[PDB]
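Q: Protein chains in written order, with my numbering: chain C, 1 to 428; chain L, 429 to 856; chain F, 857 to 1284; chain S, 1285 to 1712. Idealized CB from N, CA, C, for every residue including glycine. If you scroll down you'll find the structure; I have some questions about it.
Protein chains: 4
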Amino acid sequence: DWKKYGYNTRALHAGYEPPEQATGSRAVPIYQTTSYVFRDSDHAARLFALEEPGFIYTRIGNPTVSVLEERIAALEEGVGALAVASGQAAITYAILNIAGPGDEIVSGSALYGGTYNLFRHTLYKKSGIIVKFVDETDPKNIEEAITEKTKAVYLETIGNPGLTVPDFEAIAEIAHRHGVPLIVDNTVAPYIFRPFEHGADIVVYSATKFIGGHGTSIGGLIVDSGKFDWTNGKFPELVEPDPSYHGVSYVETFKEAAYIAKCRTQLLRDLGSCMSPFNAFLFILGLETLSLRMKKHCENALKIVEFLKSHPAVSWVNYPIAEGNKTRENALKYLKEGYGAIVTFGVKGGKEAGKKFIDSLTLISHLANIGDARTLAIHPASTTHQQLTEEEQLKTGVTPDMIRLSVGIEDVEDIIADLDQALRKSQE
Amino acid sequence: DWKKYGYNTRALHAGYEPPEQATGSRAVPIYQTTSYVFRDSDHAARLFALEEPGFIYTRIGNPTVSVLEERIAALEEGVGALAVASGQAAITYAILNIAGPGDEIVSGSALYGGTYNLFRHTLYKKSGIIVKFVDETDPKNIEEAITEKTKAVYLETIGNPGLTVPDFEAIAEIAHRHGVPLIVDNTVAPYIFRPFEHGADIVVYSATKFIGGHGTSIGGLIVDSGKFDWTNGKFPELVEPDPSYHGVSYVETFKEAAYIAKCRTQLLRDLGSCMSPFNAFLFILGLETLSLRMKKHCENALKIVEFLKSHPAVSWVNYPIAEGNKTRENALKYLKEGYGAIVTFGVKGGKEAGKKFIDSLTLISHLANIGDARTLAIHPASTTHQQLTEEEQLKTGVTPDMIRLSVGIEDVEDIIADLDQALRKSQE
Amino acid sequence: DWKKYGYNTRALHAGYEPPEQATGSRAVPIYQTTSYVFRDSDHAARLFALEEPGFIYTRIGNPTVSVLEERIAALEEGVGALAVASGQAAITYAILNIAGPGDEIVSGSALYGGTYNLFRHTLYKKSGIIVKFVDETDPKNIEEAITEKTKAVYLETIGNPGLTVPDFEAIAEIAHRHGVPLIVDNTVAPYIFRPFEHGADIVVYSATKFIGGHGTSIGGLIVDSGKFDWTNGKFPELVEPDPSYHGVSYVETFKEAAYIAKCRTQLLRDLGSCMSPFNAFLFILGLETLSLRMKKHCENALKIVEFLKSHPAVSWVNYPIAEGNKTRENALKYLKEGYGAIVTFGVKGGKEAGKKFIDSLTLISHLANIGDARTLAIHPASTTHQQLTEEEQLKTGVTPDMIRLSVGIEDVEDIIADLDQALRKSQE
Amino acid sequence: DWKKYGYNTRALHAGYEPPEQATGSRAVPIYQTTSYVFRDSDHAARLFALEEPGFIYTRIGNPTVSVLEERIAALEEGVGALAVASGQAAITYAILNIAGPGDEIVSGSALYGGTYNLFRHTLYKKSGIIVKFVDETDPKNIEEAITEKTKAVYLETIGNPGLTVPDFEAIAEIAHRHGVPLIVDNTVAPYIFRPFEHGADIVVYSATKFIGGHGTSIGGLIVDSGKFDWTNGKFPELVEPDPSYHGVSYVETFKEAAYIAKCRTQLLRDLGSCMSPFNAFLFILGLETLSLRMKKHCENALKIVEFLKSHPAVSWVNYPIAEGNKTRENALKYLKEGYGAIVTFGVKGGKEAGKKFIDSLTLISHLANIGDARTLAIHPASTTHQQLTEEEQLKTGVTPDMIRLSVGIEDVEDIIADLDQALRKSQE
Ligand SMILES: C=C/C(=N\Cc1c(COP(=O)(O)O)cnc(C)c1O)C(=O)O
Ligand SMILES: C=C/C(=N\Cc1c(COP(=O)(O)O)cnc(C)c1O)C(=O)O
Ligand SMILES: C=C/C(=N\Cc1c(COP(=O)(O)O)cnc(C)c1O)C(=O)O
Ligand SMILES: Cc1ncc(COP(=O)(O)O)c(C=O)c1O
Ligand SMILES: [Mg+2]
Ligand code: NA
């Protein structure tokens, strides 16, 4: 449960030791409730005033959700975590907790298409936040984009689907020198990469993906390392008395957990992007097998890459350590326990033959998701990144002929068998 | 399912006739999935490009949630509905869909404390929206607050816990004359009041409360009447080509459902406050008995009021048709099928004896919720409205001595008995 | 929770007051767990030895399931209840708990088709129990069938679908004088009839039906009145030391609850017909509206009967108080709060026109169930009672032309409207 | 999905390819319904008469449960499977399908205590079946116990907790030569052992254990290999016309699936030990990681065995391949992919020091279960096998000082640490 225990021990125990005291239930109960009876009038007031911890209302906190949050925090070795309705909500909250109208964010370009559209369109239109996209393959572009309005630097661990890996430590040094935190979306690399150990201050997850692992539940997570000093004047909301809580100071009351505390008391309570206790239950079950699944995902993915490189129908193949990958060196440096499950390739004939490939699949699933146990395929340019212009797609690494694979944990020969027949048919 | 069928028939059938065609399941299945397999590449492209309706990803839409959405729409006689993670998210989305940084909102003052804090602080700090609180008990106050930056007028059906009822028709005329829609929070009066029949253009619900009815699940709903013309120049996002969808015009493509459509394609997709399919399943079950429960709720409330008015320990009692209610006339006009389940009262001895009353309850539950099947009690000044200053509390109708009851559907004799013993103990 | 509180108060509170002590969750949590951590080695031993109550293993007992059991017991005013996988399982356990190879059961003939087949075939072939079916419309037939091997007398409250009602008190007098308990399947009449107030010793329910009320979940319940003396020598398994529990005597240890206690420690533990915690959660929600739904069911049923009596397409109509019903007097005597939701009728043209009626329904659902909120229809001779010979069907009240309705809680005008169009098509 | 695909591919796809056709949901929906709308009167009649397959009623079959059933059958390469409420119910149904009053079963003695109690007491008292327990470590004991009343031979793969492994092939030869099937309880060895490849005809599982893998859900499975000829005269119920289905012959109508078909149409339909769709949903998720979890379970168990053998506090250690194990040879021959997760040992000081060991655990959970992801410990003599006499306990391999471990998938260092500290305290 603590930092002394192994990763798999934590994934099975952290946040729920001892078990619930009334009945001793070994599994995390599904507290499908909105409300909780208070001990007395004074207890209720202390709870609402942030003077005592406890459960008040499922929008703000819930015992099932708390187990997931505390377990994620222990696995990331952070000071606390917060679960929200979706990955999008986690990214939105992570930004909104330290940024507002007029503020800026410096973001990498290897982004999931929904993150780009949020940064490029929705956050500007609705929150007045101005995101400056840069080529994070060169840390200098991060440095040169930072202004006095920048509030954070944002990166994806392995670009979806660019498959580029930024130089985390070099970029973190730059962000901290300018007094801003580094935010890392570790959606595609839980367990196999520890962002906090390489300069990241905040980590967000799409729990929907590898953390859940079974494609059953939408969810998002925010994890606070507690390592960042919020008192440099650039984040007064975390320092100054909060009028909505009659003067509470997050840095004073919550100390290293100031950031993740305000995500709950401010953003979750008012904006209301809360996770269902049922979804949290399913995410907890997913965590219990994460390390086993990631190892298989990455073992199979490497074999898929080798198969695609030698197939006559395949124009090109990309993977974080591919010979042609611009950031191959970073991947070798930072990814010591697998290079991810996402594999991209192009089929001879361009976009048109790719569609024949997708339409010929008999086992691989054509759908919008990643990090399911099943192997998945999709054409990002018309789907996950459809919202972006042709040039914006190129900036994220999406080409008109790109096929995106999420290599699952089937027996790899059956994955390869389905790929081969579909590729041969694609050349007809 | 259609407008020809009764309320209860619709509450049992609308949105799910015929049953799911693969197996014929009479109950609404729980589609606890993230993703859906596409027929082919062209099908996937048409879905993502908004050219054909269908299911893409549970963050954006889901078959279980769709049944809830369509059934609520049928019960409200709207053109469409959208389910979100919570009542707060529904309110946030309802505003953000037609308002942004610099824009203004005219809002009533009888607000749930979380709505007030959202309007007063969070929407300002995070979205730059300026909410103008007014005394909605006199329609003139609405008119005089509207400027050329106003995007909507916002009201609660029966103030939580002010118990004031605004003049819906009069305010709707004012909002429409200035070319802005009326948004009505009908959380506390589903079935028993139809805002669309009295000038409202958008309705939001905390489904958490009476719609669910059993205190199991957090949820929110947005209902679009389809009656409002968005083309007067004040809502360009609904008319002009959307850059994020390569030129789609919401009024052109979706006609009467433009508003609720952008709620989904923009706000739900990017901000990510999605509802769980499991929660929607439970809300659907609640709707099937809603009319029966509301009738019982309101019948018990009338008797509880009579009992409290005659008790020696009770300083005052409020209810929408109480003689002393400032908006008694509006309540008599608009509330023809029950005056709600919420009852407020003061105990001799002020705040101190009130706290003893709460602490002496043995059957009524001391918790934060309304619209549960069980009878509930709380002290709003220190709980639901703690975030507000003393003067803001008075503006919402919360007094330091106020006890709020949510009268449940127990046998009324047992409710009265628990009140009586606790009221007598409060005088010791 | 106690006998002092009203039925609806109990339906909202009994078995879960106070709420679960660890978190105070107002809703009954879903303890989807198999196992429970024991305090110590000695605690575990005392639990397994039946020396102390507690939770051991979900096959045997579960906190969510316990609330349902304790709540059902409070509504029936019994000493205890047991939840099982299905109504069939409840009936199977009720019999096997006091009968074995060579023993006899005296049963009425107005039986659900699955109960008849269990009694006539499966319990004989698999347990050696010999069921003696009699015409329970005359209590004398019960008396004359009892032998020294008889272990119980079994009845349905309102025959499904014979719609006959036995003389409960007269039959109870007969059974008790012969030293055997009366078992009553109250599936179709919860709340509206209390068998314990009219001589019944044990009650079973298909929780699937009206108790759930929404057609989501299969479940069964066994309720023990505690009124029957098991020491007359005809039930030594309930008196003698149990070798499997090292000498425990159920009457000595469990006193009035000896019968329901062995159902759990013996039949549930070894035969394993356990209910899921999730299902119990849903039945608990159903109980909270049971009285409201049953009243509506019965109000609508009376109106449907009158409509069918006047329709030109209808050959005949039956209801417990119909002029031609053999047990109209029993129905008038015992059913003081509604006569049930089941209605049977025949259409001119016999069996062939009946099929045309069923196939012409557009709102009433053609499926196998009763006591759903929706109105249902089926042809028992080919479905629920298909397993029975022609003569056995007649003994249960099923005729070749019989259509069975389960009148739901839609607005009655929509039910009648759908009936009318479908009956007219049946005559074409 | 078919026999050509690997085990893990089948574990991810079999039974749900293609996805449900109405919405294409990639995850298996939770069909939490009781009933299904029929196409027409003739369709309903054909279903109930067993003339066409389809869904009728969740007690008998359900689309979510069917996916679990078909996936288990595909993993076992059997002709079909049936899901029931519990492992106990699976064992009960497997026996009752081919046995009745007066019949005999030849069973091994290395049994779970609940199976022993079912065989020794409940099946005798309630079904008149006479189980003859033998020492299955010598196949001759099976041969010499068979009479003309024998209907099956029953074995556990790895005795719980005897840890003995029978000679499956030798016993299967004896059973088949005498014209009776071999039934194998493979609860503790899914994936790692394939009973059908070694003479077994029927396999039963407690899905509760490793198949679920997370201690969330009670469930049982019956798997039919389809290999056994039921027409040798010893099983007339599977050949002769069935009176309850108006002459249907299971061998004639269902061919290789005769046995598993009658389990459903007779035993499940009438005795009613049905599984919840929600539980089945969770079992499907568990299967997706089964091969991963089983490998880790067995790797850790081998290391735990090594650690216990060298600890000064440990009197003895048992494991399927332990030097002192009577069936070490059988274990080496049949178990080529892991020797299970269950490990037993005794502590110096006998029963008294063992209790101190159990009471000193801080990470390993003291509860009644096996095959959870967490490491578990219990004292079988006072818990799982308490119902057995001292002599019966020894015959199953349970000694007064035996501690049973279910080694989970934590990091093995943390498991050893908790064992070590607890063993040291046991010597004080
Ligand atoms: C404890 C919550 C209470 N009320 C919540 C509420 C909300 C928020 O909805 P949720 O986010 O909680 O789902 C929106 N609108 C109205 C009118 C409300 O009363 C209450 O009992 O005072
Ligand atoms: C679909 C089955 C029907 N009825 C079931 C039933 C049962 C069995 O209970 P379950 O196992 O199905 O839960 C027991 N007793 C009575 C009175 C019943 O009507 C029906 O629609 O006619
Ligand atoms: C407490 C239960 C335990 N075991 C149960 C079990 C069963 C019964 O299955 P269920 O009814 O519990 O699902 C059948 N077969 C075997 C081999 C078993 O080990 C245990 O902890 O040893
Ligand atoms: C890398 C990454 N970040 C964020 C998201 C958004 O996740 P969610 O679907 O849970 O909102 C996704 C979804 O594709 C993703 O892949
Ligand atoms: Mg700078
Ligand atoms: Na003792």
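Below 8 Å, can you find three or more Cβ-Cβ pairs linking the segment 1313-1333 of chain S to the segment 1561-1579 of chain S?
A: In short, these stretches touch, since the Cβ pair count reaches three.
Q: Is residue 502 (chain C) a contact residue of ligand 5, with contact defined as CB to any heavy atom under 7 Å?
A: Residue 502 (chain C) is absent from the model: chain C starts at 1 and stops at 428.
Q: Go through its chain and collect everything with a Cβ distance to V465 (chain L)'s Cβ below 8 Å, but skip five positions before and after it.
A: As a working mapping, residue 465 (chain L) is identified with position 37 in the second sequence. Nothing meets the Cβ criterion.
Q: Beta-carbon separation of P1092 (chain F) and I1058 (chain F) under 8 Å?
A: Locating residue 1092 (chain F) in the third sequence gives position 236, counting from the first residue. Locating residue 1058 (chain F) in the third sequence gives position 202, counting from the first residue. Contact flag unset, no.
Q: With 8 Å set as the bound, which would you pick, yes or no: does the beta-carbon of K1159 (chain F) sit closer than that to a beta-carbon of chain L?
A: Position 303 of the third sequence, counted from the start, is the residue given in the question as residue 1159 (chain F). Answer no: the Cβ-Cβ gap between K1159 (chain F) and chain L never drops below 8 Å.
Q: Can you tell me which of the three DSSP states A1615 (chain S) falls into?
A: Along the fourth sequence, read from residue 1 onward, the residue named residue 1615 (chain S) stands at position 331. The answer is helix: DSSP assigns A1615 (chain S) an H, G or I state.
Q: Check the C-beta distance from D135 (chain C) over to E156 (chain C) and give it rounded, since I have them as a contact under 8 Å.
A: Position 135 of the first sequence, counted from the start, is the residue given in the question as residue 135 (chain C). Position 156 of the first sequence, counted from the start, is the residue given in the question as residue 156 (chain C). Not confirmed; about 14 Å, so no contact.
Q: Quick one: list the residues of chain F neighbouring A74 (chain C), beta-carbon separation under 7 Å, in chain order.
A: As a first step, residue 74 (chain C) is located in the first sequence; it is residue number 74 there, counting from the start. Ordered by position in chain F, no residue passes the 7 Å Cβ test against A74 (chain C), which lies about 20 Å from the chain.
Q: For residue 1314 (chain F), which three-state DSSP category applies?
A: The structure shown does not extend to residue 1314 (chain F), since chain F is modelled only from 857 to 1284, so the question has no answer here.
Q: By DSSP, does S1100 (chain F) sit in helix, in strand, or in coil?
A: As a first step, residue 1100 (chain F) must be located in the third sequence, where it is residue number 244. Note: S1100 (chain F) maps to helix in three-state DSSP.
Q: How about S719 (chain L) and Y633 (chain L): are their beta carbons less than 8 Å apart?
A: What you label residue 719 (chain L) is simply residue 291 of the second sequence in a count that begins at 1. What you label residue 633 (chain L) is simply residue 205 of the second sequence in a count that begins at 1. Going by C-beta atoms, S719 (chain L) is not nearer than 8 Å to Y633 (chain L).
Q: Taking the alpha-carbon of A1367 (chain S) as reference, which of S:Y1300, S:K1610, S:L1551 has the nearest alpha-carbon?
A: Taking the first residue of the fourth sequence as 1, we reach residue 1367 (chain S) at position 83. Per the Cα distances, S:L1551.
Q: Are any of the Cβ atoms in chain L nearer than 8 Å to that of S942 (chain F)?
A: By one-based count along the third sequence, residue 942 (chain F) stands at place 86. It does not: the Cβ of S942 (chain F) has no partner Cβ on chain L nearer than 8 Å.
Q: Of the choices C:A170, C:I183, C:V398, whose alpha-carbon is the least far from that of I105 (chain C)?
A: Translated into the one-based positions of the first sequence, residue 105 (chain C) becomes position 105. Taking only the C-alpha atoms, the option nearest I105 (chain C) is C:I183.
Q: If we define contact as Cβ-Cβ less than 8 Å, is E1354 (chain S) a contact residue for chain L?
A: Counting from one through the fourth sequence, the residue named residue 1354 (chain S) turns up at place 70. Closer than 8 Å: no.
Q: Would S891 (chain F) count as contacting chain C if we go by Cβ distances under 8 Å?
A: Within the third sequence, numbered from 1, the residue matching residue 891 (chain F) stands at position 35. Judged by the 8 Å Cβ criterion, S891 (chain F) is in contact with chain C.
Q: Report, in whole angstroms, the separation of the C-beta atoms of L163 (chain C) and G397 (chain C), which I expect to be a contact under 8 Å.
A: As a working mapping, residue 163 (chain C) is identified with position 163 in the first sequence. As a working mapping, residue 397 (chain C) is identified with position 397 in the first sequence. So it is a contact: roughly 7 Å between Cβ atoms.
Q: Would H977 (chain F) pass as an interface residue toward chain S - the criterion being a Cβ-Cβ separation below 8 Å?
A: Your numbering for residue 977 (chain F) matches position 121 in the third sequence. So, interface residue.
Q: When you compare the CB of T1307 (chain S) with every CB in chain L, is at least one pair closer than 8 Å?
A: The residue labelled residue 1307 (chain S) in the question sits at position 23 within the fourth sequence. Yes, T1307 (chain S) lies at the interface with chain L (some Cβ there is under 8 Å from its Cβ).
Q: Please classify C702 (chain L): does DSSP put it in a helix, a strand, or coil?
A: Along the second sequence, read from residue 1 onward, the residue named residue 702 (chain L) stands at position 274. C702 (chain L) falls in the strand class under three-state DSSP.
Q: Could you tell me whether any non-hydrogen atom of ligand 6 is closer than 7 Å to the CB of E908 (chain F)?
A: In the third sequence, the residue the question calls residue 908 (chain F) occupies position 52. Outside the cutoff, so no.
Q: As a quick exercise: from C:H379, C:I60, C:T375, pick the residue whose alpha carbon is nearest that of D414 (chain C).
A: In the first sequence, the residue the question calls residue 414 (chain C) occupies position 414. Checking every option, the nearest Cα to that of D414 (chain C) belongs to C:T375.
Q: Along the alpha helix (DSSP H) that carries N864 (chain F), what are the first and last residues, could you check?
A: Taking the third sequence and counting its residues from 1, the one referred to as residue 864 (chain F) is at position 8. Segment 863-869, the alpha helix (DSSP H) holding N864 (chain F).
Q: Closest Cβ-Cβ distance between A27 (chain C) and chain F: below 8 Å?
A: Stepping through the first sequence from its first residue, residue 27 (chain C) is reached at position 27. Yes - at least one Cβ of chain F is within 8 Å of the one on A27 (chain C).
Q: According to DSSP, is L649 (chain L) part of a helix, a strand, or is it coil?
A: Translated into the one-based positions of the second sequence, residue 649 (chain L) becomes position 221. Residue state, collapsed to three classes: strand.
Q: Between the segment 1581-1593 of chain S and the segment 1620-1629 of chain S, do at least 3 Cβ pairs fall closer than 8 Å?
A: With the cut-off at 8 Å, the segment 1581-1593 of chain S and the segment 1620-1629 of chain S touch.
Q: In this structure, how does DSSP classify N614 (chain L) when only helix, strand and coil are distinguished?
A: Looking up residue 614 (chain L) in the second sequence gives position 186. If DSSP states are grouped into helix, strand and coil, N614 (chain L) belongs with coil.
Q: Can you name the residues of chain L whose CB is closer than 7 Å to the CB of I358 (chain C)?
A: Along the first sequence, one-based indexing puts residue 358 (chain C) at 358. Going along chain L in sequence order, the residues near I358 (chain C) (Cβ under 7 Å) are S469.
Q: Within the same chain, show all residues whose beta-carbon is closer than 7 Å to that of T659 (chain L), passing over the 5 residues directly before and after it, in chain order.
A: Numbered from 1 along the second sequence, position 231 holds the residue referred to as residue 659 (chain L). Cβ within range, chain order: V667, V679.
Q: Run through chain C and tell me which residues come within less than 8 Å of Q888 (chain F), C-beta to C-beta.
A: Walking along the third sequence from the start, residue 888 (chain F) turns up at place 32. Per Cβ cutoff of 8 Å: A27, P29, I30, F281.
Q: Let me know the beta strand (DSSP E) ranges lying completely inside the segment 436-518 of chain L, each 3 residues or longer, listed in chain order.
A: You should have 508-512.
Q: With hydrogens ignored, establish whether the beta-carbon of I1588 (chain S) is closer than 7 Å to any heavy atom of ligand 7.
A: Looking for ligand 7 in the displayed structure turns up nothing; the ligands present are ligand 1, ligand 2, ligand 3, ligand 4, ligand 5 and ligand 6.
Q: Which bits of chain L does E1304 (chain S) rub up against, with CB to CB less than 7 Å?
A: Counting from 1 along the fourth sequence, the entry for residue 1304 (chain S) is found at position 20. Per Cβ cutoff of 7 Å: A450.
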